[PDB]
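Some notes on the structure that comes next.
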Amino acid sequence: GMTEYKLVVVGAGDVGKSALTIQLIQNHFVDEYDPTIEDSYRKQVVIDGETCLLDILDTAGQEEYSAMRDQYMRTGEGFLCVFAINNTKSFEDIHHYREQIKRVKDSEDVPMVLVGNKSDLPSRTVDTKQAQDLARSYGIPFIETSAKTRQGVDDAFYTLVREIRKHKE
Ligand SMILES: C[C@H]1CNCCN1c1nccc(-c2noc3c2CCC[C@@]32CCCc3sc(N)c(C#N)c32)n1
Ligand SMILES: Nc1nc2c(ncn2[C@@H]2O[C@H](COP(=O)(O)OP(=O)(O)O)[C@@H](O)[C@H]2O)c(=O)[nH]1
Ligand SMILES: [Mg+2]
């Protein structure tokens with residue numbers, strides 16, 4: 001049958017989680033998407049010749065560390081940890097998201113990709129080298145994206161699928 005991959009997009013508000021997701025789903029850039037909407041979206045894609053079903057949870061809202069929300073996040077098989085290259089705070093929040101993922105999955109080995117979004121913008125405040133070095137510290141890939149131009153979008157999601165596949169084995 002067709003394998004379904006449950007991917008979860010996390011990161012500070014305003015980094016482009018929704019815009020990245022909608023680029024993948026609609027093949028269209030949105031400059032506006034209600035910041036409070038957390039929802040999941042499915043798409044069939046071919047990755048390495050295999051048609052698979054992506055189920056992408058675009059997270060939103062305030063922190064909630066209930067048992068219910070933990071159990072829900074635990075259903076995620078891989079995580080995109082997104083920051084914006086023009087927002088230092090969003091980069092400095094990455095460790096929080098990574099630590100929450102390690103906690104809820106009870107594993108130091110969770111499929112994950114670090115995503116530096118808004119690569120089309122001139123206002124960079126986070127050096128590429130620093131982001132690459134953080135991904136190296138975590139042992140995960142780093143992908144530079146733009147939801148506006150589509151730079152890196154397939155690479156980010158497809159890399160995460162490839163990481164999930166390898167983790168199963
Ligand atoms: C960076 C910090 C601290 N400073 C203030 C802003 N902030 C902040 N804001 C809003 C949200 C989140 C946040 N943290 O973890 C999470 C989020 C949202 C996505 C889901 C996730 C990550 C995946 C594993 C689990 S498991 C569980 N229960 C979670 C929750 N909720 C989470 N942090
Ligand atoms: N130029 C540019 N703007 C982006 C990009 N991704 C998101 N945005 C904008 O950043 C804002 C926040 O995006 P959104 O997807 O709502 O962020 P979220 O809170 O993480 O879901 C919106 O105005 C988006 O159009 C990107 O790659 N480039
Ligand atoms: Mg959003």
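Residue numbering restarts at 1 for every chain of the structure tokens, chains are lettered A, B, ... in their displayed order, and ligands are numbered from 1 as they appear.
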
DSSP-assigned alpha helix (DSSP H) members of segment 9-79 of chain A, reported as a ChimeraX atom specification: /A:17-26,67-74

Please, could you write that set of residues out with N, CA and C atoms as a CSV table (one decimal), in the first residue's frame?
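For reference, out17.csv as written:
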chain,number,residue,atom,x,y,z
A,17,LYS,N,5.7,28.8,8.9
A,17,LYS,CA,5.3,27.4,9.0
A,17,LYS,C,4.1,27.2,8.0
A,18,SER,N,3.1,28.1,8.1
A,18,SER,CA,1.9,28.0,7.3
A,18,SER,C,2.3,28.2,5.8
A,19,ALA,N,3.1,29.2,5.5
A,19,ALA,CA,3.4,29.5,4.1
A,19,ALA,C,4.2,28.4,3.5
A,20,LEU,N,5.1,27.7,4.3
A,20,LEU,CA,5.8,26.6,3.7
A,20,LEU,C,4.9,25.4,3.5
A,21,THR,N,4.0,25.2,4.4
A,21,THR,CA,3.0,24.1,4.2
A,21,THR,C,2.1,24.3,3.0
A,22,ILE,N,1.6,25.6,2.9
A,22,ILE,CA,0.7,25.8,1.8
A,22,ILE,C,1.5,25.9,0.4
A,23,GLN,N,2.7,26.2,0.4
A,23,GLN,CA,3.5,26.1,-0.8
A,23,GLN,C,3.6,24.6,-1.2
A,24,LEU,N,3.8,23.7,-0.3
A,24,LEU,CA,3.8,22.3,-0.6
A,24,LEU,C,2.5,21.8,-1.1
A,25,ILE,N,1.4,22.2,-0.4
A,25,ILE,CA,0.1,21.7,-0.7
A,25,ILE,C,-0.5,22.4,-1.9
A,26,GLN,N,-0.5,23.7,-2.0
A,26,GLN,CA,-1.2,24.4,-3.1
A,26,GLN,C,-0.3,24.9,-4.2
A,67,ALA,N,-0.9,16.2,28.9
A,67,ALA,CA,-0.7,14.8,28.5
A,67,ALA,C,-1.4,14.6,27.1
A,68,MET,N,-2.5,15.2,26.9
A,68,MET,CA,-3.2,15.1,25.6
A,68,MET,C,-2.4,15.6,24.4
A,69,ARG,N,-1.8,16.8,24.6
A,69,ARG,CA,-1.1,17.4,23.5
A,69,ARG,C,0.2,16.7,23.3
A,70,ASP,N,0.8,16.2,24.4
A,70,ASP,CA,2.0,15.4,24.3
A,70,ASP,C,1.7,14.1,23.5
A,71,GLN,N,0.6,13.4,23.8
A,71,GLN,CA,0.3,12.2,23.1
A,71,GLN,C,0.1,12.5,21.6
A,72,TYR,N,-0.5,13.6,21.3
A,72,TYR,CA,-0.8,14.0,19.9
A,72,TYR,C,0.5,14.3,19.2
A,73,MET,N,1.4,15.1,19.7
A,73,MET,CA,2.7,15.3,19.1
A,73,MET,C,3.5,14.1,18.9
A,74,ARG,N,3.3,13.1,19.8
A,74,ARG,CA,4.0,11.8,19.7
A,74,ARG,C,3.7,11.1,18.5

Which residues sit within 6 Å of ligand 1, counting only C-alpha atoms and all ligand atoms, listed as a PDB file with N, CA, C and O atoms, in the first residue's frame?
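Listed below is the output, selection.pdb:
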ATOM      1  N   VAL A  10       7.131  22.946  13.142  1.00  0.00           N
ATOM      2  CA  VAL A  10       7.189  23.694  14.386  1.00  0.00           C
ATOM      3  C   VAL A  10       8.163  24.848  14.245  1.00  0.00           C
ATOM      4  O   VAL A  10       9.033  24.854  13.378  1.00  0.00           O
ATOM      5  N   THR A  59       1.655  23.539  12.948  1.00  0.00           N
ATOM      6  CA  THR A  59       1.320  23.890  14.319  1.00  0.00           C
ATOM      7  C   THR A  59       1.127  25.391  14.497  1.00  0.00           C
ATOM      8  O   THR A  59       1.608  26.205  13.717  1.00  0.00           O
ATOM      9  N   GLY A  61      -0.268  28.485  17.839  1.00  0.00           N
ATOM     10  CA  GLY A  61      -0.826  28.736  19.152  1.00  0.00           C
ATOM     11  C   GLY A  61       0.195  28.753  20.265  1.00  0.00           C
ATOM     12  O   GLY A  61       1.407  28.685  20.067  1.00  0.00           O
ATOM     13  N   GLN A  62      -0.338  28.849  21.481  1.00  0.00           N
ATOM     14  CA  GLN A  62       0.465  28.927  22.690  1.00  0.00           C
ATOM     15  C   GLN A  62       0.957  27.543  23.113  1.00  0.00           C
ATOM     16  O   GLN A  62       0.406  26.509  22.722  1.00  0.00           O
ATOM     17  N   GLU A  63       2.003  27.538  23.939  1.00  0.00           N
ATOM     18  CA  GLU A  63       2.477  26.303  24.546  1.00  0.00           C
ATOM     19  C   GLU A  63       1.358  25.646  25.342  1.00  0.00           C
ATOM     20  O   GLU A  63       0.618  26.316  26.067  1.00  0.00           O
ATOM     21  N   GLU A  64       1.272  24.318  25.250  1.00  0.00           N
ATOM     22  CA  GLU A  64       0.363  23.540  26.090  1.00  0.00           C
ATOM     23  C   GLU A  64       1.034  22.194  26.327  1.00  0.00           C
ATOM     24  O   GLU A  64       1.226  21.416  25.385  1.00  0.00           O
ATOM     25  N   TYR A  65       1.388  21.918  27.581  1.00  0.00           N
ATOM     26  CA  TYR A  65       2.138  20.724  27.945  1.00  0.00           C
ATOM     27  C   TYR A  65       1.250  19.710  28.655  1.00  0.00           C
ATOM     28  O   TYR A  65       1.672  19.001  29.564  1.00  0.00           O
ATOM     29  N   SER A  66       0.012  19.608  28.204  1.00  0.00           N
ATOM     30  CA  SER A  66      -0.882  18.592  28.713  1.00  0.00           C
ATOM     31  C   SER A  66      -0.487  17.212  28.195  1.00  0.00           C
ATOM     32  O   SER A  66       0.168  17.057  27.158  1.00  0.00           O
ATOM     33  N   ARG A  69      -1.845  16.827  24.616  1.00  0.00           N
ATOM     34  CA  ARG A  69      -1.072  17.415  23.525  1.00  0.00           C
ATOM     35  C   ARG A  69       0.232  16.666  23.319  1.00  0.00           C
ATOM     36  O   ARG A  69       0.669  16.481  22.179  1.00  0.00           O
ATOM     37  N   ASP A  70       0.848  16.188  24.400  1.00  0.00           N
ATOM     38  CA  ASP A  70       2.042  15.359  24.265  1.00  0.00           C
ATOM     39  C   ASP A  70       1.744  14.098  23.466  1.00  0.00           C
ATOM     40  O   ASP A  70       2.520  13.713  22.588  1.00  0.00           O
ATOM     41  N   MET A  73       1.424  15.051  19.750  1.00  0.00           N
ATOM     42  CA  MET A  73       2.727  15.318  19.107  1.00  0.00           C
ATOM     43  C   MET A  73       3.536  14.060  18.946  1.00  0.00           C
ATOM     44  O   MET A  73       4.327  13.960  18.010  1.00  0.00           O
ATOM     45  N   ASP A  93      15.047  30.197  19.603  1.00  0.00           N
ATOM     46  CA  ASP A  93      14.008  29.312  20.116  1.00  0.00           C
ATOM     47  C   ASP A  93      14.130  27.878  19.624  1.00  0.00           C
ATOM     48  O   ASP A  93      13.450  27.003  20.166  1.00  0.00           O
ATOM     49  N   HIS A  96      14.497  25.056  22.120  1.00  0.00           N
ATOM     50  CA  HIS A  96      13.301  24.698  22.878  1.00  0.00           C
ATOM     51  C   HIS A  96      12.465  23.665  22.138  1.00  0.00           C
ATOM     52  O   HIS A  96      12.010  22.673  22.720  1.00  0.00           O
ATOM     53  N   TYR A  97      12.229  23.895  20.845  1.00  0.00           N
ATOM     54  CA  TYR A  97      11.447  22.944  20.066  1.00  0.00           C
ATOM     55  C   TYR A  97      12.158  21.599  19.996  1.00  0.00           C
ATOM     56  O   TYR A  97      11.532  20.556  20.181  1.00  0.00           O
ATOM     57  N   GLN A 100      11.728  19.797  23.295  1.00  0.00           N
ATOM     58  CA  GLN A 100      10.377  19.278  23.484  1.00  0.00           C
ATOM     59  C   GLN A 100      10.136  18.036  22.641  1.00  0.00           C
ATOM     60  O   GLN A 100       9.448  17.103  23.080  1.00  0.00           O
ATOM     61  N   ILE A 101      10.674  18.010  21.418  1.00  0.00           N
ATOM     62  CA  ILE A 101      10.556  16.824  20.575  1.00  0.00           C
ATOM     63  C   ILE A 101      11.283  15.631  21.212  1.00  0.00           C
ATOM     64  O   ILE A 101      10.744  14.516  21.264  1.00  0.00           O
ATOM     65  N   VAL A 104       9.122  14.390  24.199  1.00  0.00           N
ATOM     66  CA  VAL A 104       7.848  13.733  23.940  1.00  0.00           C
ATOM     67  C   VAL A 104       8.035  12.423  23.179  1.00  0.00           C
ATOM     68  O   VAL A 104       7.274  11.470  23.378  1.00  0.00           O
TER      69      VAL A 104
END

Counting only C-alpha atoms and all ligand atoms, give me one row per residue of chain A with an atom at most 8 Å from an atom of ligand 3, showing the shortest contact pair and its distance in Å to one decimal, sorted by chain then residue number, as a Markdown table.
| residue | atom | partner | partner_atom_place_in_ligand_line | distance |
| --- | --- | --- | --- | --- |
| A:13 | CA | ligand 3 | 1 (Mg) | 7.0 |
| A:14 | CA | ligand 3 | 1 (Mg) | 7.0 |
| A:16 | CA | ligand 3 | 1 (Mg) | 6.7 |
| A:17 | CA | ligand 3 | 1 (Mg) | 5.4 |
| A:18 | CA | ligand 3 | 1 (Mg) | 4.1 |
| A:19 | CA | ligand 3 | 1 (Mg) | 7.2 |
| A:33 | CA | ligand 3 | 1 (Mg) | 6.2 |
| A:34 | CA | ligand 3 | 1 (Mg) | 6.4 |
| A:35 | CA | ligand 3 | 1 (Mg) | 4.4 |
| A:36 | CA | ligand 3 | 1 (Mg) | 6.4 |
| A:37 | CA | ligand 3 | 1 (Mg) | 6.1 |
| A:38 | CA | ligand 3 | 1 (Mg) | 6.8 |
| A:58 | CA | ligand 3 | 1 (Mg) | 6.6 |
| A:59 | CA | ligand 3 | 1 (Mg) | 6.7 |
| A:60 | CA | ligand 3 | 1 (Mg) | 5.7 |

Atom CA of residue 80 of chain A to atom CA of residue 121 of chain A, straight-line distance in Å: 20.4 Å

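Atom 26 (C, counted along the ligand's line) of ligand 2 lies 7.5 Å from atom CA of residue 145 of chain A.
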
All residues 10 Å or closer to segment 105-114 of chain A, only C-alpha atoms, same chain fewer than 4 positions away omitted, as a ChimeraX atom specification: /A:7-9,11,70-71,73-83,91,94,98-101,131-132,134-136,138-144,155-157,159-168

I need the chosen residues saved as a short mmCIF file (atom, residue, chain, number, x, y, z; two decimals), in the first residue's frame, with N, CA and C atoms.
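For reference, selection-v4.cif as written:
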data_model
loop_
_atom_site.label_atom_id
_atom_site.label_comp_id
_atom_site.auth_asym_id
_atom_site.auth_seq_id
_atom_site.Cartn_x
_atom_site.Cartn_y
_atom_site.Cartn_z
N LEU A 7 4.27 14.33 9.29
CA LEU A 7 5.29 15.36 9.45
C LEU A 7 4.70 16.51 10.24
N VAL A 8 5.48 17.11 11.12
CA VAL A 8 5.01 18.19 11.98
C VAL A 8 5.94 19.38 11.78
N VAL A 9 5.36 20.54 11.51
CA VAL A 9 6.10 21.77 11.27
C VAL A 9 5.98 22.62 12.53
N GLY A 11 8.05 25.80 15.16
CA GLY A 11 8.88 26.97 15.16
C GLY A 11 8.11 28.19 15.61
N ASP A 70 0.85 16.19 24.40
CA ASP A 70 2.04 15.36 24.27
C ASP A 70 1.74 14.10 23.47
N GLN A 71 0.65 13.41 23.79
CA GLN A 71 0.32 12.18 23.06
C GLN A 71 0.08 12.48 21.59
N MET A 73 1.42 15.05 19.75
CA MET A 73 2.73 15.32 19.11
C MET A 73 3.54 14.06 18.95
N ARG A 74 3.35 13.09 19.84
CA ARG A 74 4.05 11.82 19.75
C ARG A 74 3.66 11.05 18.49
N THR A 75 2.49 11.33 17.91
CA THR A 75 2.13 10.67 16.66
C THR A 75 2.95 11.20 15.49
N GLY A 76 3.63 12.34 15.66
CA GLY A 76 4.48 12.84 14.60
C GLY A 76 5.67 11.93 14.39
N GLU A 77 5.96 11.61 13.14
CA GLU A 77 7.11 10.77 12.83
C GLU A 77 8.37 11.56 12.54
N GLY A 78 8.22 12.79 12.08
CA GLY A 78 9.36 13.65 11.83
C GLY A 78 8.93 15.09 11.96
N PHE A 79 9.90 15.96 12.24
CA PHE A 79 9.65 17.36 12.55
C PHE A 79 10.53 18.27 11.72
N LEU A 80 9.92 19.31 11.16
CA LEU A 80 10.66 20.43 10.60
C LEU A 80 10.72 21.50 11.68
N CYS A 81 11.93 21.92 12.06
CA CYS A 81 12.11 22.96 13.06
C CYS A 81 12.52 24.21 12.28
N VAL A 82 11.61 25.17 12.18
CA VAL A 82 11.73 26.30 11.26
C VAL A 82 12.06 27.56 12.04
N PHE A 83 13.04 28.31 11.54
CA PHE A 83 13.29 29.68 11.98
C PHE A 83 13.30 30.56 10.74
N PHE A 91 15.57 31.83 15.78
CA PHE A 91 16.66 30.87 15.76
C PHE A 91 17.01 30.43 17.17
N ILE A 94 14.93 27.61 18.59
CA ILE A 94 14.99 26.27 18.03
C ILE A 94 15.30 25.24 19.10
N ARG A 98 13.47 21.61 19.75
CA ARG A 98 14.21 20.36 19.68
C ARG A 98 14.11 19.60 21.00
N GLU A 99 14.21 20.30 22.12
CA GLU A 99 14.17 19.64 23.42
C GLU A 99 12.78 19.08 23.70
N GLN A 100 11.73 19.80 23.30
CA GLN A 100 10.38 19.28 23.48
C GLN A 100 10.14 18.04 22.64
N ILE A 101 10.67 18.01 21.42
CA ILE A 101 10.56 16.82 20.58
C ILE A 101 11.28 15.63 21.21
N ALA A 131 23.74 28.52 11.47
CA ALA A 131 22.66 27.56 11.31
C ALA A 131 23.20 26.19 10.91
N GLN A 132 24.14 26.15 9.96
CA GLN A 132 24.75 24.89 9.59
C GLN A 132 25.41 24.24 10.80
N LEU A 134 24.57 24.59 13.95
CA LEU A 134 23.54 24.06 14.85
C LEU A 134 23.02 22.71 14.35
N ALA A 135 22.72 22.62 13.06
CA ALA A 135 22.31 21.34 12.50
C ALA A 135 23.39 20.29 12.73
N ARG A 136 24.65 20.67 12.57
CA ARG A 136 25.74 19.74 12.85
C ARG A 136 25.76 19.31 14.31
N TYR A 138 23.25 18.98 16.23
CA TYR A 138 22.13 18.07 16.39
C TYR A 138 22.26 16.81 15.53
N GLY A 139 23.18 16.78 14.57
CA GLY A 139 23.28 15.66 13.65
C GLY A 139 22.13 15.55 12.68
N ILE A 140 21.61 16.68 12.20
CA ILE A 140 20.46 16.67 11.30
C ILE A 140 20.76 17.54 10.10
N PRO A 141 20.01 17.37 9.02
CA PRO A 141 20.18 18.25 7.86
C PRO A 141 19.70 19.68 8.12
N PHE A 142 20.28 20.62 7.38
CA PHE A 142 19.85 22.01 7.35
C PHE A 142 19.49 22.35 5.91
N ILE A 143 18.31 22.93 5.73
CA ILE A 143 17.82 23.32 4.42
C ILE A 143 17.42 24.79 4.48
N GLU A 144 17.88 25.55 3.48
CA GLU A 144 17.51 26.94 3.32
C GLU A 144 16.28 27.03 2.43
N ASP A 155 12.94 20.09 -0.89
CA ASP A 155 14.10 19.54 -0.20
C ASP A 155 13.80 19.36 1.29
N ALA A 156 13.16 20.34 1.92
CA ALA A 156 12.92 20.25 3.35
C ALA A 156 11.99 19.09 3.67
N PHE A 157 10.84 19.03 3.01
CA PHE A 157 9.87 17.99 3.33
C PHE A 157 10.36 16.62 2.89
N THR A 159 13.46 15.59 2.44
CA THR A 159 14.56 15.13 3.29
C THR A 159 14.01 14.53 4.56
N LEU A 160 12.98 15.15 5.13
CA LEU A 160 12.41 14.62 6.35
C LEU A 160 11.83 13.24 6.12
N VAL A 161 11.15 13.04 4.99
CA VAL A 161 10.66 11.70 4.65
C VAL A 161 11.80 10.70 4.57
N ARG A 162 12.88 11.07 3.89
CA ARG A 162 14.04 10.18 3.79
C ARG A 162 14.60 9.85 5.17
N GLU A 163 14.61 10.83 6.08
CA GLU A 163 15.09 10.56 7.44
C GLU A 163 14.15 9.59 8.17
N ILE A 164 12.83 9.74 8.00
CA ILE A 164 11.89 8.79 8.61
C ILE A 164 12.12 7.39 8.08
N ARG A 165 12.28 7.26 6.76
CA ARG A 165 12.51 5.95 6.15
C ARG A 165 13.73 5.29 6.76
N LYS A 166 14.82 6.05 6.90
CA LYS A 166 16.05 5.48 7.44
C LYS A 166 15.87 5.10 8.90
N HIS A 167 15.10 5.89 9.66
CA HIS A 167 14.88 5.59 11.07
C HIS A 167 14.11 4.28 11.24
N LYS A 168 13.17 4.00 10.34
CA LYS A 168 12.42 2.74 10.43
C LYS A 168 13.34 1.54 10.31
#

Option closest in space to residue 118 of chain A, from A:41, A:5, A:29, A:158 [counting only C-alpha atoms]: A:29

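Here the question is which of A:146, A:27, A:123, A:151 gets nearest to ligand 2 using only C-alpha atoms and all ligand atoms, and that residue is A:146.
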
Top pick for closest residue to ligand 2, considering A:12, A:56, A:153, A:46 and counting only C-alpha atoms and all ligand atoms: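 Result for the nearest residue to ligand 2: A:12.
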
Filtered DSSP result for chain A, state strand (DSSP E or B), as a VMD selection string: chain A and resid 4 to 10 39 to 47 50 to 58 78 to 84 112 to 117 142 to 144

Atom pair atom CA of residue 15 of chain A / atom CA of residue 152 of chain A: separation (Å): 14.9 Å

Nearest-residue call for ligand 2, choices A:103, A:129, A:28, A:6, using only C-alpha atoms and all ligand atoms: A:28

For residue 4 of chain A, work out the shell of residues within 6 Å, counting only C-alpha atoms and skipping chain neighbours fewer than 2 positions away, then give it as an mmCIF file with N, CA and C atoms, in the first residue's frame.
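Final output, around.cif:
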data_model
loop_
_atom_site.group_PDB
_atom_site.id
_atom_site.type_symbol
_atom_site.label_atom_id
_atom_site.label_comp_id
_atom_site.auth_asym_id
_atom_site.auth_seq_id
_atom_site.Cartn_x
_atom_site.Cartn_y
_atom_site.Cartn_z
ATOM 1 N N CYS A 52 4.026 8.423 -2.050
ATOM 2 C CA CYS A 52 3.659 8.319 -0.649
ATOM 3 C C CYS A 52 2.695 9.440 -0.302
ATOM 4 N N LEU A 53 2.074 9.299 0.851
ATOM 5 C CA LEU A 53 1.067 10.230 1.329
ATOM 6 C C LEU A 53 1.664 11.022 2.478
ATOM 7 N N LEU A 54 1.804 12.329 2.301
ATOM 8 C CA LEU A 54 2.295 13.179 3.370
ATOM 9 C C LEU A 54 1.097 13.698 4.135
#

For ligand 2, the nearest of the candidates A:133, A:2, A:102, A:31, counting only C-alpha atoms and all ligand atoms: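 Looking only at the distances to ligand 2, the closest residue turns out to be A:31.
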